[PDB]
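Coordinate-derived values only; no laboratory data. Ideal geometry is used to build each Cβ from the backbone, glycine not excepted, and the neighbour counts take in all protein chains shown.
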Amino acid sequence: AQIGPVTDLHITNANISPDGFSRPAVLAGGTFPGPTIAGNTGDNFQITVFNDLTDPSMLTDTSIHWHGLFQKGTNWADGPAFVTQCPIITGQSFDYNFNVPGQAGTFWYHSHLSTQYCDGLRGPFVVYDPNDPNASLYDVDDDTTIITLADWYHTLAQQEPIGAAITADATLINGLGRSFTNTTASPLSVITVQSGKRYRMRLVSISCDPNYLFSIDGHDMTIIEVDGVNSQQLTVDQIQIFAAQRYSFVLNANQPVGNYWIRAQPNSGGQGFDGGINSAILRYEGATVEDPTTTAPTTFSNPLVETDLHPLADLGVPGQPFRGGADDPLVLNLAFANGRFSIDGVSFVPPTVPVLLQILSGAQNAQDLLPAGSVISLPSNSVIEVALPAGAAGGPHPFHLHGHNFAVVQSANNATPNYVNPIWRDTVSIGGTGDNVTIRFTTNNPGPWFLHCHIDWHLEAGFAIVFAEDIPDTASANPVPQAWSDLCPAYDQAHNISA
Ligand SMILES: *[C@@H]1O[C@H](CO)[C@@H](O[C@@H]2O[C@H](CO)[C@@H](O[C@@H]3O[C@H](CO)[C@@H](O)[C@H](O)[C@@H]3O)[C@H](O)[C@H]2NC(C)=O)[C@H](O)[C@H]1NC(C)=O
Ligand SMILES: *[C@@H]1O[C@H](CO)[C@@H](O[C@@H]2O[C@H](CO)[C@@H](O)[C@H](O)[C@H]2NC(C)=O)[C@H](O)[C@H]1NC(C)=O
Ligand SMILES: [Cu+2]
Ligand SMILES: [Cu+2]
Ligand SMILES: [Cu+2]
Ligand SMILES: [Cu+2]
């Protein structure tokens, strides 16, 4: 069952063995991935998060972010630790009480403290549209049509040794999959369809790092949604999906009753499908209970290319149709050296006082805000352009902006911008060396919004800045509940921090 929009959510430690290897984890709702939180567009979500964590090897504090939800007027509920709140301490709870006006689509929730989401605190978050303009394109859309793609590690996130390369040990599709080394024939996930029906498959990357080449043998996939944004129908036979991105696609169960491999090839870790790694099963009702015998092509016919996507609605692009044609045109210098990432020369290290609390306490320019050089002000009611030229090691980097979606004026691997009808989304690959992926949005949401690479290891290593949007209006726009005001005193007491 789906839970929400008003629900408790307990965060616990437990052992799990999703690939046959047992390790402790950080779980929401007792499972990996966590249960789906759901409601309808415009609903009030009240997710009362109970931190019941006791194992310090995965951190006993926590904070949860609702990825892709704009949090307008509720910046305090956004979740990034030391940006919008202090963490929740063990044995305490906190009500994330917010609304989702004007949004409907496929989202997710995840820990936003350290690398803790890698240890298991990740799950789907769906905002249904009772009047969905895409409703007639499919018959079935429910918890059974959500497909999560996850990287899973045997080594605990906090225990990844300094100086050694980090790669995963298994790809998990809907929570199950097989280990790349010492592979055992542990159970694979099964997605069941009925011949003749059409399904809204909600594809969610809950990855901490790799991108996946996702396909389903024998089938093609008609994209209708991109990171919460309805798209024109785009038929593809493979989707390269980066960390934290989502797509809805229509799956027409139009092949012979049988079993078909579902494939999710990460860009690192195990290559191929030997022993059933990187795999799940699409099973038609009435098929034999047995593994598929299908193969992939050598070369896919119609891979997703981001410039092929266009909004369903007439969203256009704000600003003027040329580089720098915005009220506040930015170009970020994104770099890596010596184990740390930097943006404009500054590596992100979370501050002691959350940025939002610093603003509410009266710090009103971004040069006043800590960490110094990591907080950049944005003016209100303005068109912002952010160029994100690639080149930094560890690419391709998926960059994500809290509080907003954005027009992708320039995509990876294509030097031509699009000022007419590009897709809008919230997480974008910035591509490869020489690329100039560029985003645009308008500032109508006062508060500090994190901009960061969504490879969690890179975030931890400093690949982030905070956009302090409309500092002057942040306090009036975001009244805070007493429970939020209580978070930093409780956290600092528990941790013996003075501030
Ligand atoms: C590289 O990115 C650019 C920019 O997003 C892509 O260019 C765009 O290509 C589309 C598809 O060919 C062009 O639109 C089509 O325009 C014709 C009018 O000539 C119209 O008949 C069709 O209905 C269709 O919409 C679009 O004008 C063009 N935009 C720009 C700014 O050049 C390009 O396709 C990408 N390259 C690759 C290899 O995908
Ligand atoms: C990416 O695009 C931005 C503009 O959106 C380019 O920025 C210009 O950079 C040059 C120097 O490299 C400056 O003289 C201009 O003031 C910048 N802004 C403009 C022209 O609008 C940037 O060079 C591009 N980067 C790459 C790697 O292609
Ligand atoms: Cu987010
Ligand atoms: Cu996120
Ligand atoms: Cu990165
Ligand atoms: Cu984030």
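So is residue 449 out of contact with any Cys (no Cβ under 6 Å at 6 or more places or on another chain) and assigned to a strand (DSSP E or B) or not? The answer is yes for residue 449. Listed by position, the helices (runs of 4 or more DSSP H) contained in segment 452-499 that have at least 2 residues being of a type in the set (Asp, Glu) and more than 16 Å from ligand 1 (Cβ to nearest atom) are 456-460, 482-494. When you look at residue 43, is it more than 16 Å from ligand 1 (Cβ to nearest atom), in contact with a strand residue (DSSP E or B) (Cβ under 6 Å, 6 or more places away or on another chain) and among the charged types (D, E, K, R), yes or no? Considered against the rule, which asks whether it is more than 16 Å from ligand 1 (Cβ to nearest atom), in contact with a strand residue (DSSP E or B) (Cβ under 6 Å, 6 or more places away or on another chain) and among the charged types (D, E, K, R), residue 43 comes out as no. Restricting attention to segment 396-412, which residues are farther than 21 Å from residue 71 by Cα, assigned to a loop (DSSP other than H, G, I, E, B) and away from ligand 1 (no atom under 11 Å from the Cβ)? Those that are farther than 21 Å from residue 71 by Cα, assigned to a loop (DSSP other than H, G, I, E, B) and away from ligand 1 (no atom under 11 Å from the Cβ): 396, 397.
Residue by residue, here is whether (1) within 25 Å of the chain's Cα centre (by Cα); (2) small (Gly, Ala, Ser); (3) surrounded by 19 or more Cβ atoms within 10 Å (Cβ to Cβ); (4) farther than 20 Å from residue 453 by Cβ holds:
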site: 334; (1), (2), (3), (4): yes, no, yes, no
site: 343; (1), (2), (3), (4): yes, no, yes, no
site: 348; (1), (2), (3), (4): yes, no, yes, no
site: 354; (1), (2), (3), (4): yes, no, yes, yes
site: 358; (1), (2), (3), (4): no, no, yes, yes
site: 363; (1), (2), (3), (4): no, yes, no, yes
site: 367; (1), (2), (3), (4): no, no, no, yes
site: 373; (1), (2), (3), (4): no, yes, no, no
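Name the single residue that is farthest from ligand 5 (Cβ to nearest atom) among those in segment 283-322 being exposed (fewer than 13 other Cβ atoms within 10 Å of the Cβ) and small (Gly, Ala, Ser). Checked segment 283-322; the qualifying residue farthest from ligand 5 (Cβ to nearest atom) is 286. Of everything in segment 251-281 that is in contact (Cβ under 8 Å) with a residue 40 or more places away in the chain and among the aromatic types (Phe, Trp, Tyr), the residue that is farthest from residue 171 (Cα to Cα) is 260. Contact map, segment 316-339: residues that are assigned to a strand (DSSP E or B) paired with residues that are more than 16 Å from ligand 6 (Cβ to nearest atom) and acidic (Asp, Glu), Cβ distance under 6 Å, separation 6+ or inter-chain. Pairs shown: 329/385.
Return yes when residue 87 is surrounded by fewer than 24 Cβ atoms within 10 Å (Cβ to Cβ) and not aliphatic (A, V, I, L, M) and no when it is not.
Numbers: surrounded by fewer than 24 Cβ atoms within 10 Å (Cβ to Cβ): no; not aliphatic (A, V, I, L, M): yes.
So residue 87 fails the test.
Taking the stated definitions as given, is residue 390 crowded, with 18+ Cβ neighbours inside 10 Å, within 16 Å of ligand 5 (Cβ to nearest atom) and outside any strand (DSSP E or B)?
Working: crowded, with 18+ Cβ neighbours inside 10 Å: yes; within 16 Å of ligand 5 (Cβ to nearest atom): yes; outside any strand (DSSP E or B): yes.
Answer is yes for this residue.
A quick yes/no check of all residues on (1) in a strand (DSSP E or B); (2) hydrophobic (A, V, I, L, M, F, W, C):
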site	(1), (2)
106	yes, no
125	yes, yes
144	no, no
150	yes, yes
155	no, no
162	no, yes
187	no, no
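Checking 140, 127 one by one, the residue that is touching a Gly at 6+ places or on another chain (Cβ under 8 Å) and in contact (Cβ under 8 Å) with a residue 24 or more places away in the chain is 127 and no other. Output yes when any residue across segment 415-433 is part of a loop (DSSP other than H, G, I, E, B) and under 30 Å from residue 481 (Cα atoms), and no when none is. Yes, segment 415-433 has at least one match.
For segment 95-111, name all the residues that are under 14 Å from residue 74 (Cα atoms) and of a type in the set (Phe, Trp, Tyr). Selection gives 96, 98.
Tally the residues that are charged (D, E, K, R) and over 21 Å from residue 98 (Cα atoms), restricting the search to segment 443-498. Within segment 443-498, residues that are charged (D, E, K, R) and over 21 Å from residue 98 (Cα atoms) number 3.
For segment 204-244, a tally of residues being within 16 Å of ligand 4 (Cβ to nearest atom) and part of a loop (DSSP other than H, G, I, E, B) returns 11.
Residue-wise test of (1) touching a helix residue (DSSP H, G or I) at 6+ places or on another chain (Cβ under 8 Å); (2) buried (at least 24 other Cβ atoms within 10 Å of the Cβ).
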site: 417; (1), (2): no, no
site: 437; (1), (2): no, yes
site: 453; (1), (2): yes, yes
site: 463; (1), (2): no, yes
site: 473; (1), (2): no, no
site: 485; (1), (2): no, no
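Considering the conditions (1) more than 16 Å from ligand 5 (Cβ to nearest atom); (2) in contact (Cβ under 8 Å) with a residue 24 or more places away in the chain, residue 396 is excluded by exactly one of them, (1).
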